[PDB]
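Only one chain is shown below, in structure tokens, and it's the form deposited in one PDB entry.
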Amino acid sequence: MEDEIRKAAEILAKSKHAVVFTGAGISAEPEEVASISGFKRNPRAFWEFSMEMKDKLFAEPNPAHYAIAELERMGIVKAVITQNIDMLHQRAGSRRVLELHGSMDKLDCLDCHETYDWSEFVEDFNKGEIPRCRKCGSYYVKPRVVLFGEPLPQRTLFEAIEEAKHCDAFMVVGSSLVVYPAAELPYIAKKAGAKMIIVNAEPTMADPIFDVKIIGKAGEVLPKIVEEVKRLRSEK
């Protein structure tokens, strides 16, 4: 994968406006669980599923997140578009992060419309006590996450589309590109003439559109790309 890593580094080093697009592949290491109809039928199932999933996710940022943060610090990466709700990009130091599917940070009771910060629930949550509305007692505390069957936040989606339309490099990391409308974004960048890079553990059905394809672990690949970019810029 070294020649591919070098090709990706060359693209990024020459770019005027690079964008990174991430999915669950960088964070890890259906209807009833993660959809709005599922949540309305049984919000406890969503929360019990989330308790199981938390154990499978990285508790803190990994080297892929730090590499992406460093590329922004270097002035290369202008935006991170993410499908993830775990805020690991921000915790790694990324600033320009577009959260297509929101995040767990803020929550609302669907019955009485009370608002919450995640900090209010996290202790109980880690003990397996599901979020309940303290005001009215409801089981319907919904995080400001886009569940399947919900539209995306309009401002965020617009900004992400604008990034895709006006970038000259677009790097997908840890996404199979099967969730829409998020998955439209790499096609928009491709149509706009951006150089297309993909980094994944496995192939995707979208692989044919990419100029550079890297199969590997993002935590290994992304730091190597950064080091090569620094070498091309005489920073290492």
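Basically, rigid core = biggest C-alpha set you can superpose within 1.5 Å across the two forms. So that there is no doubt, residue numbering starts at 1 and follows the sequence shown.
Unshown form deposited in another entry; subsequent notes refer to it.
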Does the distance between the two CA positions of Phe58 reach 2 Å or more between the shown form and the other one, the core being superposed?
yes
Taking the rigid core as the reference frame, tell me whether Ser176 has a CA displacement of 2 angstroms or more between the shown form and the other one.
no
Say whether the C-alpha atoms of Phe21 and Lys56 sit closer together or farther apart in that other deposited form than in the form shown here, given that their separation changes by 3 Å or more.
farther
